[PDB]
>>> print(open('input-v2.cif').read())   # mmCIF, N, CA and C atoms
data_target
#
loop_
_atom_site.group_PDB
_atom_site.id
_atom_site.type_symbol
_atom_site.label_atom_id
_atom_site.label_comp_id
_atom_site.auth_asym_id
_atom_site.auth_seq_id
_atom_site.Cartn_x
_atom_site.Cartn_y
_atom_site.Cartn_z
ATOM 1 N N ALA A 2 4.019 -62.257 55.537
ATOM 2 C CA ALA A 2 3.020 -62.290 54.480
ATOM 3 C C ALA A 2 3.621 -61.871 53.150
ATOM 4 N N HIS A 3 3.187 -62.524 52.076
ATOM 5 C CA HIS A 3 3.601 -62.119 50.743
ATOM 6 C C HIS A 3 3.072 -60.725 50.440
ATOM 7 N N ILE A 4 3.898 -59.915 49.789
ATOM 8 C CA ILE A 4 3.530 -58.564 49.387
ATOM 9 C C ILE A 4 3.903 -58.392 47.926
ATOM 10 N N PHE A 5 2.975 -57.864 47.136
ATOM 11 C CA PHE A 5 3.165 -57.719 45.704
ATOM 12 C C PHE A 5 2.896 -56.281 45.292
ATOM 13 N N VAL A 6 3.623 -55.830 44.275
ATOM 14 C CA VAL A 6 3.482 -54.485 43.730
ATOM 15 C C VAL A 6 2.742 -54.590 42.406
ATOM 16 N N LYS A 7 1.568 -53.974 42.340
ATOM 17 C CA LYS A 7 0.653 -54.145 41.228
ATOM 18 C C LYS A 7 0.254 -52.800 40.645
ATOM 19 N N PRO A 8 -0.103 -52.769 39.367
ATOM 20 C CA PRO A 8 -0.580 -51.524 38.758
ATOM 21 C C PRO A 8 -2.067 -51.317 38.963
ATOM 22 N N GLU A 9 -2.467 -50.203 39.568
ATOM 23 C CA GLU A 9 -3.886 -49.886 39.606
ATOM 24 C C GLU A 9 -4.391 -49.646 38.192
ATOM 25 N N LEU A 10 -5.154 -50.595 37.660
ATOM 26 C CA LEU A 10 -5.589 -50.562 36.274
ATOM 27 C C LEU A 10 -6.784 -49.640 36.097
ATOM 28 N N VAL A 11 -6.943 -49.140 34.876
ATOM 29 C CA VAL A 11 -8.062 -48.290 34.494
ATOM 30 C C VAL A 11 -8.641 -48.829 33.196
ATOM 31 N N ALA A 12 -9.966 -48.910 33.124
ATOM 32 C CA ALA A 12 -10.651 -49.408 31.944
ATOM 33 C C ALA A 12 -11.805 -48.490 31.575
ATOM 34 N N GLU A 13 -12.074 -48.389 30.280
ATOM 35 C CA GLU A 13 -13.322 -47.834 29.777
ATOM 36 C C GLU A 13 -14.145 -48.982 29.219
ATOM 37 N N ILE A 14 -15.334 -49.181 29.780
ATOM 38 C CA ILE A 14 -16.135 -50.352 29.464
ATOM 39 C C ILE A 14 -17.442 -49.934 28.807
ATOM 40 N N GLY A 15 -17.735 -48.639 28.816
ATOM 41 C CA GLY A 15 -18.930 -48.159 28.155
ATOM 42 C C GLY A 15 -19.919 -47.473 29.072
ATOM 43 N N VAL A 16 -19.496 -47.144 30.286
ATOM 44 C CA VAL A 16 -20.318 -46.377 31.210
ATOM 45 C C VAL A 16 -20.084 -44.903 30.927
ATOM 46 N N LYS A 17 -21.131 -44.211 30.499
ATOM 47 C CA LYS A 17 -21.046 -42.822 30.086
ATOM 48 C C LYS A 17 -21.938 -41.976 30.975
ATOM 49 N N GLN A 18 -21.509 -40.744 31.240
ATOM 50 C CA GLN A 18 -22.337 -39.818 31.994
ATOM 51 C C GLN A 18 -23.675 -39.646 31.298
ATOM 52 N N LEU A 19 -24.748 -39.732 32.073
ATOM 53 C CA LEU A 19 -26.086 -39.767 31.502
ATOM 54 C C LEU A 19 -26.444 -38.404 30.930
ATOM 55 N N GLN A 20 -26.686 -38.362 29.624
ATOM 56 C CA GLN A 20 -27.169 -37.165 28.958
ATOM 57 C C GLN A 20 -28.254 -37.570 27.973
ATOM 58 N N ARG A 21 -29.189 -36.653 27.742
ATOM 59 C CA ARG A 21 -30.395 -36.974 26.993
ATOM 60 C C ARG A 21 -30.080 -37.343 25.552
ATOM 61 N N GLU A 22 -30.987 -38.108 24.961
ATOM 62 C CA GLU A 22 -30.889 -38.537 23.580
ATOM 63 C C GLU A 22 -31.198 -37.373 22.645
ATOM 64 N N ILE A 23 -30.590 -37.407 21.468
ATOM 65 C CA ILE A 23 -30.765 -36.372 20.459
ATOM 66 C C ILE A 23 -31.707 -36.916 19.393
ATOM 67 N N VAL A 24 -32.900 -36.323 19.310
ATOM 68 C CA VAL A 24 -33.913 -36.707 18.340
ATOM 69 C C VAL A 24 -34.296 -35.550 17.429
ATOM 70 N N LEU A 25 -34.451 -34.351 17.991
ATOM 71 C CA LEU A 25 -34.997 -33.221 17.244
ATOM 72 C C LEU A 25 -34.257 -32.892 15.953
ATOM 73 N N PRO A 26 -32.919 -32.883 15.893
ATOM 74 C CA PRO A 26 -32.257 -32.517 14.633
ATOM 75 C C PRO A 26 -32.654 -33.379 13.454
ATOM 76 N N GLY A 27 -32.862 -34.679 13.660
ATOM 77 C CA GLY A 27 -33.295 -35.533 12.571
ATOM 78 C C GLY A 27 -34.736 -35.344 12.168
ATOM 79 N N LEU A 28 -35.559 -34.787 13.052
ATOM 80 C CA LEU A 28 -36.985 -34.632 12.815
ATOM 81 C C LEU A 28 -37.351 -33.297 12.197
ATOM 82 N N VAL A 29 -36.392 -32.406 11.991
ATOM 83 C CA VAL A 29 -36.675 -31.060 11.518
ATOM 84 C C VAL A 29 -36.060 -30.893 10.139
ATOM 85 N N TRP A 30 -36.711 -30.083 9.309
ATOM 86 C CA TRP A 30 -36.280 -29.817 7.944
ATOM 87 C C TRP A 30 -34.963 -29.064 7.944
ATOM 88 N N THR A 31 -33.871 -29.776 7.698
ATOM 89 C CA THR A 31 -32.531 -29.271 7.949
ATOM 90 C C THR A 31 -31.842 -28.904 6.643
ATOM 91 N N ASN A 32 -31.225 -27.726 6.642
ATOM 92 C CA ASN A 32 -30.360 -27.219 5.581
ATOM 93 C C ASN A 32 -30.911 -27.469 4.169
ATOM 94 N N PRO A 33 -32.106 -26.952 3.848
ATOM 95 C CA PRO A 33 -32.504 -26.892 2.437
ATOM 96 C C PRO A 33 -31.905 -25.698 1.723
ATOM 97 N N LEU A 34 -31.434 -24.708 2.472
ATOM 98 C CA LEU A 34 -30.830 -23.497 1.944
ATOM 99 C C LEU A 34 -29.375 -23.461 2.381
ATOM 100 N N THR A 35 -28.464 -23.288 1.427
ATOM 101 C CA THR A 35 -27.040 -23.336 1.736
ATOM 102 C C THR A 35 -26.259 -22.096 1.330
ATOM 103 N N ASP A 36 -26.616 -21.428 0.235
ATOM 104 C CA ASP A 36 -25.802 -20.344 -0.309
ATOM 105 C C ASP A 36 -26.079 -19.041 0.446
ATOM 106 N N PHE A 37 -25.786 -19.069 1.745
ATOM 107 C CA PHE A 37 -26.057 -17.918 2.597
ATOM 108 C C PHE A 37 -24.992 -16.842 2.495
ATOM 109 N N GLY A 38 -23.800 -17.186 2.040
ATOM 110 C CA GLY A 38 -22.913 -16.179 1.522
ATOM 111 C C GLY A 38 -23.375 -15.707 0.164
ATOM 112 N N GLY A 39 -22.986 -14.491 -0.188
ATOM 113 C CA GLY A 39 -23.469 -13.924 -1.430
ATOM 114 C C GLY A 39 -24.972 -13.767 -1.396
ATOM 115 N N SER A 40 -25.485 -13.325 -0.251
ATOM 116 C CA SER A 40 -26.895 -12.993 -0.106
ATOM 117 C C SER A 40 -27.001 -11.867 0.906
ATOM 118 N N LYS A 41 -27.709 -10.803 0.539
ATOM 119 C CA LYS A 41 -27.764 -9.613 1.376
ATOM 120 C C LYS A 41 -28.295 -9.939 2.763
ATOM 121 N N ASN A 42 -27.605 -9.424 3.780
ATOM 122 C CA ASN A 42 -27.996 -9.555 5.180
ATOM 123 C C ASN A 42 -28.097 -11.007 5.624
ATOM 124 N N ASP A 43 -27.338 -11.898 4.989
ATOM 125 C CA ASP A 43 -27.368 -13.331 5.262
ATOM 126 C C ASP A 43 -28.756 -13.922 5.069
ATOM 127 N N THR A 44 -29.629 -13.204 4.372
ATOM 128 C CA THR A 44 -31.010 -13.606 4.164
ATOM 129 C C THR A 44 -31.163 -14.174 2.767
ATOM 130 N N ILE A 45 -31.671 -15.395 2.683
ATOM 131 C CA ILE A 45 -32.079 -15.992 1.421
ATOM 132 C C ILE A 45 -33.595 -15.927 1.364
ATOM 133 N N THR A 46 -34.118 -15.359 0.286
ATOM 134 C CA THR A 46 -35.555 -15.364 0.067
ATOM 135 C C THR A 46 -36.002 -16.724 -0.442
ATOM 136 N N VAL A 47 -37.123 -17.194 0.087
ATOM 137 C CA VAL A 47 -37.765 -18.425 -0.338
ATOM 138 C C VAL A 47 -39.017 -18.036 -1.099
ATOM 139 N N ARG A 48 -39.151 -18.556 -2.315
ATOM 140 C CA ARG A 48 -40.310 -18.268 -3.140
ATOM 141 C C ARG A 48 -41.352 -19.364 -2.994
ATOM 142 N N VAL A 49 -42.574 -18.958 -2.682
ATOM 143 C CA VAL A 49 -43.730 -19.842 -2.593
ATOM 144 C C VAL A 49 -44.497 -19.730 -3.906
ATOM 145 N N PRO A 50 -44.674 -20.820 -4.648
ATOM 146 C CA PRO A 50 -45.232 -20.727 -6.002
ATOM 147 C C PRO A 50 -46.676 -20.251 -6.018
ATOM 148 N N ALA A 51 -47.099 -19.781 -7.188
ATOM 149 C CA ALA A 51 -48.421 -19.198 -7.346
ATOM 150 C C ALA A 51 -49.500 -20.268 -7.432
ATOM 151 N N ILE A 52 -50.702 -19.891 -7.012
ATOM 152 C CA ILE A 52 -51.889 -20.730 -7.103
ATOM 153 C C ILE A 52 -52.929 -19.987 -7.926
ATOM 154 N N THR A 53 -53.517 -20.678 -8.894
ATOM 155 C CA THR A 53 -54.543 -20.122 -9.758
ATOM 156 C C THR A 53 -55.843 -20.877 -9.524
ATOM 157 N N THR A 54 -56.943 -20.314 -10.019
ATOM 158 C CA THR A 54 -58.252 -20.931 -9.884
ATOM 159 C C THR A 54 -58.892 -21.107 -11.252
ATOM 160 N N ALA A 55 -59.641 -22.193 -11.394
ATOM 161 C CA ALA A 55 -60.344 -22.516 -12.622
ATOM 162 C C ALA A 55 -61.777 -22.017 -12.552
ATOM 163 N N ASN B 56 46.854 27.982 -5.307
ATOM 164 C CA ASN B 56 47.149 29.348 -4.915
ATOM 165 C C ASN B 56 48.052 29.997 -5.950
ATOM 166 N N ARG B 57 48.086 31.324 -5.925
ATOM 167 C CA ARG B 57 49.004 32.104 -6.736
ATOM 168 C C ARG B 57 49.845 32.988 -5.839
ATOM 169 N N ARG B 58 51.106 33.155 -6.209
ATOM 170 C CA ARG B 58 52.001 34.095 -5.559
ATOM 171 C C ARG B 58 52.767 34.853 -6.628
ATOM 172 N N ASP B 59 53.181 36.067 -6.291
ATOM 173 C CA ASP B 59 53.963 36.857 -7.225
ATOM 174 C C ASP B 59 55.295 36.182 -7.488
ATOM 175 N N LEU B 60 55.701 36.185 -8.748
ATOM 176 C CA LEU B 60 56.950 35.559 -9.128
ATOM 177 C C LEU B 60 58.097 36.414 -8.599
ATOM 178 N N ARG B 61 59.150 35.760 -8.110
ATOM 179 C CA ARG B 61 60.280 36.451 -7.484
ATOM 180 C C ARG B 61 59.830 37.283 -6.287
ATOM 181 N N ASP B 62 59.023 36.686 -5.438
ATOM 182 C CA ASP B 62 58.523 37.371 -4.257
ATOM 183 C C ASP B 62 59.512 37.198 -3.111
ATOM 184 N N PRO B 63 59.863 38.271 -2.396
ATOM 185 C CA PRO B 63 60.820 38.132 -1.286
ATOM 186 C C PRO B 63 60.439 37.095 -0.242
ATOM 187 N N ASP B 64 59.155 36.907 0.053
ATOM 188 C CA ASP B 64 58.758 35.849 0.972
ATOM 189 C C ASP B 64 58.413 34.582 0.204
ATOM 190 N N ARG B 65 58.784 33.443 0.782
ATOM 191 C CA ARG B 65 58.737 32.179 0.061
ATOM 192 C C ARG B 65 57.804 31.173 0.719
ATOM 193 N N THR B 66 56.860 31.638 1.528
ATOM 194 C CA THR B 66 55.921 30.742 2.180
ATOM 195 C C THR B 66 54.841 30.295 1.206
ATOM 196 N N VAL B 67 54.361 29.070 1.406
ATOM 197 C CA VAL B 67 53.355 28.465 0.548
ATOM 198 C C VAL B 67 52.154 28.091 1.402
ATOM 199 N N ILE B 68 50.957 28.393 0.908
ATOM 200 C CA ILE B 68 49.727 28.053 1.613
ATOM 201 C C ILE B 68 49.382 26.606 1.288
ATOM 202 N N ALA B 69 49.506 25.730 2.277
ATOM 203 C CA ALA B 69 49.221 24.322 2.055
ATOM 204 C C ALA B 69 47.721 24.102 1.954
ATOM 205 N N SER B 70 47.302 23.407 0.904
ATOM 206 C CA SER B 70 45.898 23.124 0.688
ATOM 207 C C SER B 70 45.472 21.913 1.509
ATOM 208 N N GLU B 71 44.164 21.789 1.707
ATOM 209 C CA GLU B 71 43.592 20.739 2.533
ATOM 210 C C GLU B 71 42.714 19.834 1.686
ATOM 211 N N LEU B 72 42.761 18.540 1.977
ATOM 212 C CA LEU B 72 41.922 17.540 1.326
ATOM 213 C C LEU B 72 40.907 17.059 2.353
ATOM 214 N N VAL B 73 39.672 17.531 2.234
ATOM 215 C CA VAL B 73 38.602 17.170 3.156
ATOM 216 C C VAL B 73 37.601 16.304 2.408
ATOM 217 N N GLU B 74 37.465 15.054 2.843
ATOM 218 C CA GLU B 74 36.462 14.145 2.314
ATOM 219 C C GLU B 74 35.153 14.375 3.046
ATOM 220 N N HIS B 75 34.056 14.428 2.305
ATOM 221 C CA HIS B 75 32.757 14.660 2.913
ATOM 222 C C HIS B 75 31.939 13.378 2.898
ATOM 223 N N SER B 76 30.791 13.415 3.560
ATOM 224 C CA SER B 76 29.961 12.224 3.627
ATOM 225 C C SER B 76 28.525 12.609 3.933
ATOM 226 N N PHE B 77 27.615 11.687 3.637
ATOM 227 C CA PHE B 77 26.232 11.794 4.079
ATOM 228 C C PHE B 77 25.664 10.402 4.297
ATOM 229 N N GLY B 78 24.719 10.288 5.218
ATOM 230 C CA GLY B 78 24.134 9.005 5.580
ATOM 231 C C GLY B 78 22.839 8.735 4.834
ATOM 232 N N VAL B 79 22.652 7.481 4.436
ATOM 233 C CA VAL B 79 21.392 6.986 3.892
ATOM 234 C C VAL B 79 20.827 5.984 4.886
ATOM 235 N N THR B 80 19.603 6.230 5.343
ATOM 236 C CA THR B 80 18.993 5.479 6.431
ATOM 237 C C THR B 80 17.772 4.714 5.937
ATOM 238 N N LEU B 81 17.600 3.497 6.446
ATOM 239 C CA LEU B 81 16.383 2.718 6.246
ATOM 240 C C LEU B 81 15.457 2.992 7.427
ATOM 241 N N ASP B 82 14.403 3.789 7.208
ATOM 242 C CA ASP B 82 13.684 4.345 8.349
ATOM 243 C C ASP B 82 12.163 4.332 8.224
ATOM 244 N N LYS B 83 11.593 3.583 7.290
ATOM 245 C CA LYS B 83 10.149 3.566 7.120
ATOM 246 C C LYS B 83 9.677 2.143 6.897
ATOM 247 N N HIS B 84 8.412 1.905 7.219
ATOM 248 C CA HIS B 84 7.800 0.580 7.108
ATOM 249 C C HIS B 84 6.422 0.774 6.479
ATOM 250 N N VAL B 85 6.319 0.494 5.192
ATOM 251 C CA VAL B 85 5.068 0.652 4.462
ATOM 252 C C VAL B 85 4.314 -0.666 4.497
ATOM 253 N N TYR B 86 3.034 -0.605 4.850
ATOM 254 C CA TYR B 86 2.252 -1.816 5.024
ATOM 255 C C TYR B 86 0.807 -1.572 4.623
ATOM 256 N N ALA B 87 0.148 -2.654 4.224
ATOM 257 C CA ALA B 87 -1.304 -2.702 4.087
ATOM 258 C C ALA B 87 -1.783 -3.893 4.899
ATOM 259 N N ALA B 88 -2.715 -3.652 5.814
ATOM 260 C CA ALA B 88 -3.209 -4.672 6.723
ATOM 261 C C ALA B 88 -4.718 -4.775 6.629
ATOM 262 N N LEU B 89 -5.218 -5.997 6.716
ATOM 263 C CA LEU B 89 -6.639 -6.270 6.597
ATOM 264 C C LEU B 89 -7.074 -7.198 7.720
ATOM 265 N N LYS B 90 -8.272 -6.952 8.247
ATOM 266 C CA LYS B 90 -8.833 -7.720 9.349
ATOM 267 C C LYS B 90 -10.186 -8.242 8.895
ATOM 268 N N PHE B 91 -10.376 -9.555 8.937
ATOM 269 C CA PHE B 91 -11.646 -10.153 8.553
ATOM 270 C C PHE B 91 -12.139 -11.069 9.656
ATOM 271 N N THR B 92 -13.345 -10.812 10.148
ATOM 272 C CA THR B 92 -13.945 -11.719 11.107
ATOM 273 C C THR B 92 -14.297 -13.037 10.424
ATOM 274 N N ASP B 93 -14.568 -14.060 11.237
ATOM 275 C CA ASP B 93 -14.918 -15.361 10.682
ATOM 276 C C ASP B 93 -16.189 -15.279 9.847
ATOM 277 N N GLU B 94 -17.122 -14.411 10.238
ATOM 278 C CA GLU B 94 -18.310 -14.187 9.425
ATOM 279 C C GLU B 94 -17.966 -13.492 8.116
ATOM 280 N N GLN B 95 -17.122 -12.459 8.161
ATOM 281 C CA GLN B 95 -16.752 -11.751 6.939
ATOM 282 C C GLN B 95 -16.010 -12.666 5.977
ATOM 283 N N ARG B 96 -15.089 -13.474 6.498
ATOM 284 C CA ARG B 96 -14.334 -14.379 5.646
ATOM 285 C C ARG B 96 -15.211 -15.505 5.112
ATOM 286 N N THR B 97 -16.114 -16.033 5.939
ATOM 287 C CA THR B 97 -16.936 -17.156 5.506
ATOM 288 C C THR B 97 -18.001 -16.722 4.507
ATOM 289 N N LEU B 98 -18.687 -15.620 4.789
ATOM 290 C CA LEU B 98 -19.880 -15.240 4.048
ATOM 291 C C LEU B 98 -19.648 -14.111 3.059
ATOM 292 N N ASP B 99 -18.781 -13.156 3.379
ATOM 293 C CA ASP B 99 -18.637 -11.969 2.546
ATOM 294 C C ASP B 99 -17.498 -12.061 1.539
ATOM 295 N N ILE B 100 -16.513 -12.921 1.765
ATOM 296 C CA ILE B 100 -15.425 -13.097 0.811
ATOM 297 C C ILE B 100 -15.773 -14.235 -0.135
ATOM 298 N N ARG B 101 -15.614 -13.996 -1.432
ATOM 299 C CA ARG B 101 -15.851 -15.006 -2.455
ATOM 300 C C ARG B 101 -14.580 -15.527 -3.098
ATOM 301 N N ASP B 102 -13.649 -14.649 -3.470
ATOM 302 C CA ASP B 102 -12.416 -15.062 -4.127
ATOM 303 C C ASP B 102 -11.201 -14.997 -3.214
ATOM 304 N N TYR B 103 -11.028 -13.883 -2.508
ATOM 305 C CA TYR B 103 -9.934 -13.612 -1.580
ATOM 306 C C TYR B 103 -8.622 -13.330 -2.302
ATOM 307 N N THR B 104 -8.557 -13.603 -3.596
ATOM 308 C CA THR B 104 -7.390 -13.209 -4.367
ATOM 309 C C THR B 104 -7.641 -11.928 -5.144
ATOM 310 N N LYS B 105 -8.757 -11.844 -5.861
ATOM 311 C CA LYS B 105 -9.126 -10.592 -6.499
ATOM 312 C C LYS B 105 -9.964 -9.712 -5.594
ATOM 313 N N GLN B 106 -10.225 -10.150 -4.369
ATOM 314 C CA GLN B 106 -11.016 -9.391 -3.419
ATOM 315 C C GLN B 106 -10.233 -8.927 -2.207
ATOM 316 N N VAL B 107 -9.087 -9.534 -1.918
ATOM 317 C CA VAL B 107 -8.276 -9.157 -0.770
ATOM 318 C C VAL B 107 -6.838 -8.908 -1.198
ATOM 319 N N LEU B 108 -6.237 -9.880 -1.883
ATOM 320 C CA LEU B 108 -4.804 -9.819 -2.150
ATOM 321 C C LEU B 108 -4.468 -8.762 -3.193
ATOM 322 N N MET B 109 -5.230 -8.704 -4.281
ATOM 323 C CA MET B 109 -4.968 -7.693 -5.302
ATOM 324 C C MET B 109 -5.188 -6.271 -4.804
ATOM 325 N N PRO B 110 -6.279 -5.941 -4.097
ATOM 326 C CA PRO B 110 -6.370 -4.593 -3.515
ATOM 327 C C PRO B 110 -5.237 -4.272 -2.562
#
>>> encode(input="input-v2.cif", output="structure tokens")
Amino acid sequence: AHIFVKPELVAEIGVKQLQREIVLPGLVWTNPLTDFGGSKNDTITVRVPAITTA
Amino acid sequence: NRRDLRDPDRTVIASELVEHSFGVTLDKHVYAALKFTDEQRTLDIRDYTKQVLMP
């Protein structure tokens, strides 16, 4: 019988271990505050503007 | 040395030439060392030249 020496080939075709989709980071108000250095206790105060009545 | 002139004994006290010495040693290591965590370097350091290197 004919006998041949062949390379066991390996391919990546797009089969990935199943892990959940990432949605929440895009849906949440992300990084409106950045200058967290140069702020006491890593805390940035957020000011909520005043409301007046007529 | 001095000896009496016309002295019956004629021995001379031979002088000695002794060279002296002293050692100078390199024996100290002066250092200033600083340790900054990733939080301290990221958030607490602003310049790092006038805040770390100059001190």
>>> interface_residues(input="input-v2.cif", of="chain B", to="chain A", cutoff="7 Å", atoms="all atoms listed in the file", output="PyMOL selection string")
chain B and resi 97-100
>>> resolve_selection(input="input-v2.cif", expression="the PyMOL selection byres (((chain B and resi 78-88 and name CA) around 12) and name CA)", output="list in words")
residues 75, 76, 77, 89, 90, 91, 107, 108, 109 and 110 of chain B
>>> atom_distance(input="input-v2.cif", atom1="atom N of residue 102 of chain B", atom2="atom N of residue 44 of chain A")
17.9 Å
